[PDB]
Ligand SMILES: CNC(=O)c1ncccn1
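Single chain ahead, written as structure tokens, the form deposited without ligand 8RY.
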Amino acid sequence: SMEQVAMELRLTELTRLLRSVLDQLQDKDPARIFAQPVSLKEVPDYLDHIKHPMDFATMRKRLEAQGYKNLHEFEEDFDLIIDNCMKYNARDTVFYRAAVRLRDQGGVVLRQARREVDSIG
């Protein structure tokens, strides 16, 4: 149906916007602390601590399969990256501090993405 096609075009346009949002967020992590999944080889206890691991590579895989239906979904995954880190790591660590800076800086980006996703529909 043409209605199905049109919905698919909206999903594609969302995916384009989310790809640029994701690049912008990841630039706020120049140390690449959140680039890849936490390794279970190197933190074998991780899943006892953190129930839903998340990282930028995993988000990118989801995005390229057009797996985010809306910005809420995408923000949920971004928040997991930050929130997981601030629970697993202590306040006085380079990891926790990188999460705080990513949150603060990413908040600016997401504030306008929300307007762009609404605005362009």
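Residue numbers here begin at 1 and follow the sequence given.
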Comparing 78-86 with 30-38, the one whose average Cα B-factor in the PDB entry is higher: 30-38
Segment of higher mean CA temperature factor, 93-101 or 14-22: 14-22
Chain third (lowest, middle, highest) by recorded CA B-factor, residue given as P44: highest
Third of the chain, ranked by Cα B-factor, where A65 sits: highest
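Heads up, the form solved in complex with ligand 8RY isn't pictured, but that's what we're talking about next.
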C85: touches ligand 8RY in the deposited complex, heavy atom cutoff 4.5 angstroms: yes
Close approach of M59 to ligand 8RY in the deposited complex, 4.5 Å, heavy atom: no
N89, heavy atom within 4.5 angstroms of ligand 8RY in the deposited complex: yes
Distance check, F34 to ligand 8RY in the deposited complex, heavy atom within 4.5 Å: yes
